[PDB]
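A short write-up of the structure that comes next.
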Protein chains: 2
Amino acid sequence: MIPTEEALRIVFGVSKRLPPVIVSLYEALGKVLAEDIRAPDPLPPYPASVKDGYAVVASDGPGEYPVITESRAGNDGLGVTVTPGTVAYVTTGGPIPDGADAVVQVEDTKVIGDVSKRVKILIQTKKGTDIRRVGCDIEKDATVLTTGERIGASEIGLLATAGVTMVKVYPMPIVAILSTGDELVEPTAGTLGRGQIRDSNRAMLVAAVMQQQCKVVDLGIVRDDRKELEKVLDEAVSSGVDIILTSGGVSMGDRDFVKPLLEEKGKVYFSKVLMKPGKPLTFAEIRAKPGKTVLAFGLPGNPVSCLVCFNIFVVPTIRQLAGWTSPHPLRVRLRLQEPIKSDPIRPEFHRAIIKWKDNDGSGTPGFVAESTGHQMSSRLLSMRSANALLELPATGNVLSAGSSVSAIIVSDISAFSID
Amino acid sequence: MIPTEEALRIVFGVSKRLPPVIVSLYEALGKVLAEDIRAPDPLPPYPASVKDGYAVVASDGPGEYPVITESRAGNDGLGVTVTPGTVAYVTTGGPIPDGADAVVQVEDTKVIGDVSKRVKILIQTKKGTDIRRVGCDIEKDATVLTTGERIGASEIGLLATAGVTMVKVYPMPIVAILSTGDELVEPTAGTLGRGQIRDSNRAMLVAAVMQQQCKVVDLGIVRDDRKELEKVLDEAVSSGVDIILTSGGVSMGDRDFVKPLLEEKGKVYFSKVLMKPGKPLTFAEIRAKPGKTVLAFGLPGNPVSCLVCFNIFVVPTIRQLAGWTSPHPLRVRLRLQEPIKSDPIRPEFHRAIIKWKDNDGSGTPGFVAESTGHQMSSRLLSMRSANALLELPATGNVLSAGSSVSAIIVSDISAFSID
Ligand SMILES: Nc1ncnc2c1ncn2[C@@H]1O[C@H](COP(=O)(O)O)[C@@H](O)[C@H]1O
Ligand SMILES: Nc1ncnc2c1ncn2[C@@H]1O[C@H](COP(=O)(O)O)[C@@H](O)[C@H]1O
Ligand SMILES: [Mg+2]
Ligand SMILES: [Mg+2]
């Protein structure tokens with residue numbers, strides 16, 4: 001039985017970034033860049049107006065002037081030179097005609113006469129005012145995005161700015177998922193027969209893997225039969241998946257074949273972890289016959305233990321395979337809203353609902369946590385709405401309301417409900 | 001020009017939750033429940049063993065006993081009564097045979113003899129030990145999920161537990177997106193002609209809407225021509241989309257037709273907001289001809305202003321339409337890692353890279369922020385890697401390193417890179 005910190009280091013040490021691939025612009029969203037991106041031309045590529053108004057010769061100053069051209073886009077004002085004593089109309093983003101050295105926003109001007117166009121400039125401007133010089137936002141050949149950078153909406157915007165529609169990225173791993181048990185029935189079952197339960201771990205894990213943006217290979221329910229589970233595992237290993245997730249069949253039962261099958265097919269690094277919940281977790285590395293490595297997680301059958309182990313061990317493995325340089329989950333410090341008793345032997349991953357408060361109880365703003373209630377590993381209602389796992393050390397003491405603890409954030413911090 | 005707080009209240013007051021729909025189990029992931037979910041049967045539906053070991057009569061105590069049945073699943077041990085002086089083998093999740101009232105884990109037992117099976121129970125157990133009574137995890141008819149609850153992986157697990165494979169939920173809005181400008185070219189363009197730039201806002205907004213899990217209707221580049229933009233807007237309004245996003249054509253240019261077109265087609269609630277960046281934001285409500293409401297956001301053309309306005313105003317509108325009871329973004333308090341000058345007139349949404357530190361500079365743990373650098377609204381590099389918007393009040397003063405500010409979190413808090 002190894003500590004969770006060691007089990008994580010073993011998984012990190014075995015897990016390898018996947019080979020990069022080439023994808024289209026919208027397929028690159030959410031993925032990590034596997035190349036640097038350089039601007040092929042400057043932004044703006046021409047001197048551009050910051051305002052709707054008039055391009056002027058700054059030294060002219062306030063006065064009345066004829067409007068010799070209008071410049072909004074493309075070839076507008078091409079070949080026209082704004083000389084001292086003239087002005088040109090411009091819209092925001094319009095090219096500055098040759099000879100103009102500043103822009104006076106339309107609010108500081110007045111159109112004069114009926115009908116030839118004339119405008120009154122109401123202020124003294126300064127050279128360079130309200131003009132974006134060539135390359136002031138992005139210089140030609142500047143690196144706008146680098147290898148190891150995760151692509152979000154602004155990074156998609158920068159790729160589009162630089163004219164990149166095919167991107168080299170690290171792909172997401174493909175994950176096979178199966179459930180084990182003679183007691184299981186499909187979640188479509190109505191009236192349950194004696195000694196049956198609906199398979200809940202498979203759909204829970206499919207959903208968890210969908211939230212990590214990975215393709216899922218759903219291998220269904222497997223019975224407690226060694227030859228049957230070996231056949232499904234051999235089929236999962238040779239299919240091309242990168243990760244295999246099983247649940248159940250990893251305790252002390254006489255028909256728990258997951259561990260001995262992973263020992264035959266590959267190398268089991270560990271089968272027991274000092275943690276509450278999640279003790280019987282198995283981690284193995286299998287080589288598929290030519291050829292590639294396949295990571296196998298023998299997750300515990302208990303629904304809570306299953307999802308806690310997914311959140312702590314499988315999420316960083318997916319991220320590592322997908323080329324994330326920082327795969328660890330966000331850990332914050334927070335105050336307890338109620339007392340919680342820690343375990344005397346195993347450090348606990350106590351499920352909680354956390355929120356940011358203007359006053360965390362200590363007079364300063366901070367995160368606070370409420371327990372989800374009874375933490376029994378068979379009680380999936382303890383995972384309901386839990387956005388964090390409180391890391392309670394193995395002291396056996398009652399942590400009173402107001403005490404501070406470390407918490408792992410397991411669900412979108414930007415989707416956190418406010419206080 | 002209205003404050004951002006008022007502009008948000010107007011948007012919230014106009015935005016209505018979409019009618020609920022019925023979807024399959026995996027389609028419900030990420031969506032808000034539009035009905036309560038009750039367990040049709042208990043969990044466990046039979047008294048179940050917590051351990052691999054033996055089901056016993058607690059009062060018998062330590063001793064040697066014959067193993068009269070084996071119970072792992074289904075009908076195993078049906079009709080067999082464990083009487084005083086006998087035991088039954090059980091696996092975790094196996095039904096407890098009639099007459100047995102406790103379970104002794106296999107580690108507290110020893111198999112005796114060769115070959116009839118006999119086992120030695122090494123301890124004195126207590127009635128009810130290591131047995132999950134019927135309904136101890138979930139009672140029959142208990143509400144396991146309620147209306148207004150967002151569905152994550154554990155909620156998918158609870159739906160599967162309760163045998164629900166078709167779910168009533170609030171759908172996501174469908175969003176139409178177009179760009180405006182005679183200066184724009186597609187992001188596939190190579191060498192740019194004079195006065196041209198690649199359309200970056202459209203792909204940026206498509207990506208931003210994809211991260212919000214909404215269907216996108218890509219309406220392309222529209223030129224600065226009133227009749228052309230009216231035709232595309234009329235086509236967007238009658239297509240069935242719930243939200244229309246335009247960018248550009250909302251400043252003071254003589255060919256900026258977005259505002260007057262939204263005034264003709266519907267009701268414009270505002271066209272100017274007191275903020276840095278994002279001043280020319282237009283918000284309108286259009287009624288499609290029978291019939292339904294369509295929300296239109298005339299986003300600013302400047303790439304930074306475009307994305308900042310999306311993050312502040314469009315994200316909560318999407319969430320409100322999708323039935324989120326808490327659509328507001330997460331706001332935290334944090335310390336500045338460097339000095340920042342605030343604007344004397346407009347409150348600024350200064351882009352930053354934030355992280356949780358064990359020491360935020362004050363001796364206690366907390367979030368800290370680094371600026372992304374020059375904040376010019378034309379500089380999309382200021383959005384690069386920004387996971388927060390610092391809310392800087394309009395004081396004109398230099399906020400020194402170490403001072404505390406409010407920050408809006410704009411990207412997955414569970415995807416935050418650690419310190
Ligand atoms: N797919 C599943 N869905 C729900 N419960 C499960 C699943 N697989 C295993 N379990 C339960 O988890 C516990 C441990 O499983 P095992 O390790 O196979 O003994 C038992 O109570 C099982 O009935
Ligand atoms: N789709 C777009 N992509 C990049 N820049 C844009 C886009 N639309 C408008 N702009 C720029 O944003 C600024 C304001 O646009 P407008 O409001 O149309 O004058 C100008 O500098 C435009 O060239
Ligand atoms: Mg089992
Ligand atoms: Mg324009």
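Lettering follows sequence order; numbering is per chain, from 1. All ligand and atom numbering here is 1-based and tracks the order in the structure.
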>> Considering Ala160(B), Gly195(A), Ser251(A), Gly93(B) one by one, which has a heavy atom nearer to atom 17 (O) of ligand 1 than any of the others?
In response: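 Nearest heavy atom to atom 17 (O) of ligand 1 lies in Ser251(A).
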Quick one: which ligand 1 atoms are inside 4.0 Å of a heavy atom on [X]?
X	value
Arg132(B)	21 (O)
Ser179(A)	1 (N)
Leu184(A)	1 (N), 2 (C), 7 (C)
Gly249(A)	16 (P), 17 (O), 18 (O)

> Out of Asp199(A), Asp218(A), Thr246(A), which one pairs with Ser179(A) under the side-chain hydrogen bond (donor to acceptor under 3.5 Å, both in side chains) rule?
Replying inline: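 Single pass found, and it is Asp199(A).
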> Of the non-hydrogen atoms in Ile156(A) and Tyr26(A), which two are nearest, and what is the gap between them?
Replying inline: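 Closest heavy-atom pair between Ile156(A) and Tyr26(A): CG2-CE2, 4.5 Å.
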For [X] and ligand 2, does the shortest N/O to N/O distance drop below 3.5 Å?
X	value
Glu183(B)	yes
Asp199(B)	yes
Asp52(A)	no
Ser200(B)	yes

>> Can you confirm, on distance only, whether ligand 1 has an N/O atom lying under 3.5 Å from any N/O atom belonging to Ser49(B)?
In response: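 It does not: no N or O of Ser49(B) is found under 3.5 Å from an N or O of ligand 1.
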Charged N-O contact under 4.0 Å between [X] and [Y]:
X	Y	answer
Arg379(A)	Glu139(B)	no
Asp41(A)	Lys140(A)	no
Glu186(A)	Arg202(A)	yes

>> Working to the nearest 0.5 angstrom, can you tell me the gap between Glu183(B) CD and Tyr46(A) OH?
In response: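 Spacing of CD (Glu183(B)) from OH (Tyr46(A)) equals 5.5 Å.
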Proximal ligand 2 atoms for [X], defined as those under 4.0 Å from one of its heavy atoms:
X	answer
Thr92(A)	13 (C), 14 (C), 19 (O), 20 (C), 21 (O)
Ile197(B)	4 (C), 5 (N), 23 (O)
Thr180(B)	8 (N)

> Among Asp254(A), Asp182(A), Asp256(A), which one satisfies salt bridge (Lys or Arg N to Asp or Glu O under 4.0 Å) with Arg72(B)?
Replying inline: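 Testing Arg72(B) for a salt bridge (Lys or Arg N to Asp or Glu O under 4.0 Å) against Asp254(A), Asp182(A), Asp256(A) leaves exactly one candidate, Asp254(A).
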>> Is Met204(B) close enough to touch ligand 2? Criterion: a residue heavy atom under 4.0 Å from a ligand atom.
In response: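 No, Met204(B) has no heavy atom closer than 4.0 Å to ligand 2.
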> Any luck finding a side-chain donor-acceptor pair between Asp52(B) and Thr91(B) under 3.5 Å?
Replying inline: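 Absent: no donor and acceptor within the cut-off.
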> Of the protein's non-hydrogen atoms, which lies at the shortest distance from atom 11 (C) of ligand 1, and what is that distance?
Replying inline: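 Closest protein heavy atom to atom 11 (C) of ligand 1: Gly301(A) O, 3.7 Å.
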>> Please list the nearest protein heavy atom to atom 7 (C) of ligand 2 with its residue and the distance rounded to 0.1 Å.
In response: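 Residue, atom and distance for the closest contact: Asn201(B) ND2, 3.4 Å.
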> Is there a side chain to side chain donor-acceptor pair (under 3.5 Å) between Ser247(B) and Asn201(B) once you walk through the steps?
Replying inline: CA-CA 7 Å; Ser247(B) 77; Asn201(B) 287 354; 3.0 Å; yes
> Quick one: side-chain hydrogen bond (donor to acceptor under 3.5 Å, both in side chains) partners of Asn302(A), sequence neighbours excluded?
Replying inline: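 Testing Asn302(A) for side-chain hydrogen bond (donor to acceptor under 3.5 Å, both in side chains), a comparison that skips the adjacent residues, returns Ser377(A).
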